[PDB]
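Okay, so here's just one chain, in structure tokens, the form deposited in one PDB entry.
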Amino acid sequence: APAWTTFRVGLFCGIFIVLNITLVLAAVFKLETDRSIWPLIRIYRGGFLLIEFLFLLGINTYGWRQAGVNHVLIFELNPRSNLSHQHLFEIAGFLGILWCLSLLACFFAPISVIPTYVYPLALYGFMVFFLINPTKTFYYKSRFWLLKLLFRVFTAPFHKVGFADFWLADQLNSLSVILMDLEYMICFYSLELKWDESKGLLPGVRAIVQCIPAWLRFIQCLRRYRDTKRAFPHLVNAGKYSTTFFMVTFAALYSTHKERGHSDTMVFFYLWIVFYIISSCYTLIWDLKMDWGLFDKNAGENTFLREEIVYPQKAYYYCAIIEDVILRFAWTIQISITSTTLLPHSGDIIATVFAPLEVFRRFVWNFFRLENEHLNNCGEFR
């Protein structure tokens, strides 16, 4: 990669570090004292997750470059002009600079007129303008490819399902915090926000929104079967996402009938518990045995894993498996707490702590799924 790309990577990383430190210092000592900044958090976290996601994705590319598995051919990208890890770090650093500047603007509102509202709006609007921009400024091929994929994924099962479409729809299942907080921003600006004089911060459908990343995968797998006529792995995956469907549904039912009479709420709680267990076990075993391709009985050495090991040492696998076993339950409880008022106490703190763990599990799952899709060719994309 050219030296100027690395220079911009370093510049953006250093600005990111300094802005992180000054955000910590500003948020710990003198920001508002008594503000209850929690709504602000919900506005920013998902966007931050995106930055984090991109950052993590860059590392993944590095691995997929150092392992050099198939990344050019699996995603069916162009054989030339493919983004490297440094380019992902560049974009992530630019977005992090914008995010930190918006956060500092929120904490230092006297920076300009039109306080508060515009800054998160400005950040996300700038991220959208960078995304959809036919001016062909910088990496226009990448942004256009992402735009084309989003239509093929976020819309419906009408489109053909490919590896890239499946991958994006799948990792939306882990960064769906942004989808939740987008509707949260809409509602908060609509109703919760004072939005009358200045600096106003006061010192049902969400269940549907939570299932959109699950609905997309369910209908994608249904389309896969409809054009496949051979549901060896497909209906299993549909059941896997229907477990999330049921867990979200009964979480919503419990949070609705807890405070509205209906003393049979203990039945809903037991159903929630059993569906939590079922979804966690289903997703975990699907990841371990058939998604990552581990636990292969044909393997002779390096038990609990498969015959062929791309990565340098088996130590990366067992720690990852333990962390994934923890983070599967983390995600399972997260997508239930963020959906509705399951836990009146805390919850938001839990959601903010747990979301980066979901993106972390995505970061390792990308490694393992991509390195699995070189020999087994799961999903038969070929």
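Each form is matched to the other, and the largest set of C-alpha atoms that superpose within 1.5 Å is called the rigid core. One-based numbering along the sequence shown.
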*Other entries modelling both neighbours but not residue 203, at least a third*: yes
*Extent of unmodelled deposited sequence, residue 126 relative to residue 125*: none
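Omitted from view is the form deposited in another entry, to which the following refers.
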_Position with Cα shift of 2 Å or more, rigid core superposed between this form and the one not shown, options 56, 337, 40, 50_ = 337
*asked:* Following rigid core alignment, is the displacement of the residue 6 C-alpha between this form and the one not shown equal to or greater than 2 angstroms?
replied: no
*Examine residue 289 after superposing the rigid core and state whether its CA is displaced by 2 Å or more between this form and the one not shown.*
no
*Is residue 76 one of the residues whose C-alpha moves 2 Å or more between this form and the one not shown after the core fit?*
no
_Relative Cα spacing, residue 345 and residue 44, in that other deposited form - shift of 3 Å or more_ = closer
*Since the CA distance of residue 23 and residue 345 differs by 3 Å or more in that other deposited form, is it closer or farther than in the form displayed?*
closer
